[PDB]
Amino acid sequence: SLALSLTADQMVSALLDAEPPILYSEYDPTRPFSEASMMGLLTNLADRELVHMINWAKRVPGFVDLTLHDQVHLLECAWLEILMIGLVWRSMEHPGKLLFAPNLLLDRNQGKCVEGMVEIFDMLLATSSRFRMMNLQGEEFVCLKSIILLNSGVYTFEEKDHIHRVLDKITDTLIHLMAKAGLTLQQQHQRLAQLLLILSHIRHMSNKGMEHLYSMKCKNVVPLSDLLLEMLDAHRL
Amino acid sequence: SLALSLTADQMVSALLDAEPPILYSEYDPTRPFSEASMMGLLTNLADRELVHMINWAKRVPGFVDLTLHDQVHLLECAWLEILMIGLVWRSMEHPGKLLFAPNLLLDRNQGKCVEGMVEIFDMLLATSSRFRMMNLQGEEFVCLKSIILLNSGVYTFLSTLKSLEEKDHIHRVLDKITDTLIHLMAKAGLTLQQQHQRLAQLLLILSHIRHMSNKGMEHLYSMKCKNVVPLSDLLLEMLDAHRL
Amino acid sequence: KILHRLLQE
Amino acid sequence: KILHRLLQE
Ligand SMILES: C[C@H]1CCC[C@H](O)CCC/C=C/c2cc(O)cc(O)c2C(=O)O1
Ligand SMILES: C[C@H]1CCC[C@H](O)CCC/C=C/c2cc(O)cc(O)c2C(=O)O1
């Protein structure tokens, strides 16, 4: 496995290079927001982001070593967590707002447009605030995003052993980054823990987001694409 | 605050001493299970465990330093995660089974006696297997459980102001528990690389525990509406806090 | 709330 | 399933 063979610097470079682009939304300022139109913008954006994610995932060391069924499973379990951590990262330099896209920057009040949405906005904003508080680095962000991909569905499966080997390698990588940044050994494990504990909150937000998406579907608020319907169905709500 | 002045060994001792007792079920082993009977036994047990959990939380260093409102918030957010990690710990030496109580040891297939329960059983069993695979130690377990208490709801308040004193303090206490985990691993003879790897492995399990709690909360909510079982007022309040 | 009362006992 | 197809594309 070339994955297990990578140095820390090589792992970081591979991850940084695999990063998807920031996409634009279909926002049209000529019409007022409604619940349905905001949900339409967000689901359309998610659909576009998902295609780039699928191809990003293939570039995460170790991922293509798995069977298609395991790849499907990991992405099915983690897709919304991955979208969310990306959103939170994009939004770091915009306190009080969520940068869904460069032409779609929303505050919590605009979140109220959609039933049950502001609660999720609030959690994402608190997570972005936490990233700011910690001065989360770009190199740390990409490690965290790959950890989510490999970890979230791993407990719902040799293949497992391989996944855990890749995860250990990403841990070594995070430690390497912190050491190179001048953190003391004690600060190293403290920060590693702070970062990984955020993943519990991201899991929580994803779970609530999945419940919210299911509610929008069940109330016919917005047409969901076939991809989103299958990603949602995987969580069997 | 004594919390921030405790040594690693002192933290472990405090957490070991705070441990709640293992309760028995009122389960009559001579009578077969029905969906109603099993849910009655499990909800009854959860209610009794919750009362002991509240006393345990008060003994977790740093917890009583918080306002009553912040204490309530953390427990409301983390209660099912805490019950679950305890259950997984109890069941670690019973492959394929869940030791809800010494006289209520249920295996994978018995989760089928309850609608939608088996899926949760399976996630819990996979967690116990993971614990077994890692050889989780009792000292590590109590650290992980306290981390869940302090972490799960910490971002759902700090929310100023000026109760940023609350958040920062909690994060300081969390760092102390991280220090304690690493101390235990160093004491166990792990290399630095193995310590960092194991710490990450342990904390990543907390993500799975969060997931299980969220699924569990939906199951409990559906059991309430199906009126399958009468639920205590405490249980109903802990459930309503998640406003499903 | 019940939890509020138990945390004071 | 769509995701299955997309992973091969
Ligand atoms: C605010 C949140 C609401 C999720 C439930 C929504 O019901 C999920 C559908 C809307 C998707 C929002 C979304 C899109 C995207 O491209 C990236 C994202 O991080 C999100 C997202 O976080 O949506
Ligand atoms: C299996 C799981 C199902 C939770 C949903 C159930 O709907 C929640 C009510 C049943 C409680 C189960 C339970 C009780 C307890 O004392 C400790 C526990 O860990 C659990 C528990 O994990 O319940």
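Residue numbers (the authors' numbering), protein chains in the order written: chain A, 305 to 461, 470 to 549; chain B, 305 to 462, 464 to 549; chain G, 688 to 696; chain F, 688 to 696. Built from N, CA and C at the ideal position, the CB exists for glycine as well.
{"Query": "Compile a chain-ordered list of the residues in the stretch 514 to 530 of chain B whose CB is closer than 7 angstroms to at least one CB of chain A.", "Result": "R515, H516 and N519"}
{"Query": "Pairs of beta-carbons, one from the stretch 407 to 417 of chain B and one from the stretch 495 to 515 of chain B, closer than 8 angstroms: are there three or more?", "Result": "no"}
{"Query": "Nearest-angstrom Cα distance between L544/A and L384/A?", "Result": "9 angstroms"}
{"Query": "Between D538/B and chain G, is the shortest Cβ-Cβ distance under 8 angstroms, so that the two count as touching?", "Result": "yes"}
{"Query": "Looking at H377/B and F461/B, is the spacing between their C-beta atoms short of 8 angstroms?", "Result": "yes"}
{"Query": "Closer than 7 angstroms to a non-hydrogen atom of ligand 2 - does that hold for the CB of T347/A?", "Result": "no"}
{"Query": "Given a limit of 9 angstroms on CB to CB distance, which residues of the stretch 351 to 366 of chain A reach chain F?", "Result": "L354, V355, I358, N359, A361 and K362"}
{"Query": "Taking DSSP as the reference, what is the three-state secondary structure of residue 463/B?", "Result": "The residue list of chain B ends a segment at 462 and starts the next at 464, so residue 463/B has no coordinates to report."}
{"Query": "Am I right that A405/A and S329/A are in contact with their C-beta atoms under 8 angstroms? What's the rounded C-beta distance?", "Result": "4 angstroms"}
{"Query": "So, helix, strand or coil for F445/B, using DSSP?", "Result": "helix"}
{"Query": "Below 8 angstroms on the Cβ atoms is my guess for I389/A versus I475/A; work out the distance and round it to an integer in Å.", "Result": "Not really, about 19 angstroms apart at Cβ, beyond 8 angstroms."}
{"Query": "Assuming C447/A contacts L319/A (C-beta within less than 8 angstroms), just tell me the rounded distance between them.", "Result": "7 angstroms"}
{"Query": "Which residue or residues does DSSP assign as beta-bridge partners of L410/A?", "Result": "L402/A"}
{"Query": "I'd like the list of long-range same chain contacts for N532/B, defined as Cβ closer than 7 angstroms, with 5 residues on each side in sequence excluded.", "Result": "none"}
{"Query": "Suppose you measure from the CA of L489/B to the CA of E443/B; what does that come to, to the nearest Å?", "Result": "8 angstroms"}
{"Query": "Helix, strand or coil for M438/A, going by three-state DSSP, please let me know.", "Result": "helix"}
{"Query": "Determine the chain G residues that contact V376/B at a beta-carbon separation under 8 angstroms, and present them in chain order.", "Result": "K688, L690, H691 and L694"}
{"Query": "With distances taken from CA atoms, which of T371/A, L306/A and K449/A is nearest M357/A?", "Result": "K449/A"}
{"Query": "Return the residue from the list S518/A, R335/A, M517/A and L549/A that minimises the CA-CA distance to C530/A.", "Result": "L549/A"}
{"Query": "If you draw a straight line from the alpha carbon of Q695/F to that of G420/A, how long is it in whole angstroms?", "Result": "36 angstroms"}
{"Query": "Does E385/A have its Cβ less than 8 angstroms from a Cβ in chain F?", "Result": "no"}
{"Query": "In chain A, which residues lie with their C-beta within 8 angstroms of the C-beta of residue 601/B?", "Result": "With chain B represented from 305 up to 549, any question about residue 601/B goes unanswered, as that position is not in the structure."}
{"Query": "Between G521/B and ligand 2, is the CB less than 7 angstroms from at least one heavy atom?", "Result": "yes"}
{"Query": "Comparing the C-beta of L549/B with each C-beta of chain G, is any distance below 8 angstroms?", "Result": "no"}
{"Query": "May I ask you to check if the CB of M343/B is nearer than 7 angstroms to at least one heavy atom of ligand 1?", "Result": "no"}
{"Query": "Determine the chain F residues that contact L379/A at a beta-carbon separation under 7 angstroms, and present them in chain order.", "Result": "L690"}
{"Query": "Using the beta-carbon of each residue, which ones in chain G are nearer than 9 angstroms to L453/B?", "Result": "The premise fails here: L453/B is roughly 13 angstroms from chain G at the closest Cβ pair, so nothing lies under 9 angstroms."}
{"Query": "Ligand 2 and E542/B: does any heavy atom of the ligand fall closer than 7 angstroms to the residue's C-beta?", "Result": "no"}
{"Query": "Using a C-beta to C-beta distance shorter than 8 angstroms, which residues of chain G count as neighbours of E542/B?", "Result": "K688, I689 and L690"}
{"Query": "Could you check how far apart the C-beta atoms of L479/B and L507/B are, in whole angstroms? I think they sit under 8 angstroms.", "Result": "With a Cβ gap of about 14 angstroms, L479/B and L507/B do not count as contacting."}
{"Query": "Which residue wins for smallest C-alpha separation from residue 463/B, given the options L403/B, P325/B, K481/B and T431/B?", "Result": "Regarding the residue in question, residue 463/B is not represented: chain B runs 462 and then 464, omitting everything in between."}
{"Query": "In the DSSP assignment, find the unbroken alpha helix (DSSP H) run with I482/A in it and report its ends.", "Result": "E471 to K492"}
{"Query": "Measure from the C-beta of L372/B to each C-beta in chain G and report whether the shortest distance is under 8 angstroms.", "Result": "yes"}
{"Query": "For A382/B and chain A, any beta-carbon pair shorter than 8 angstroms?", "Result": "no"}
{"Query": "Is it true that the CB of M342/B sits closer than 8 angstroms to the CB of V422/B?", "Result": "no"}
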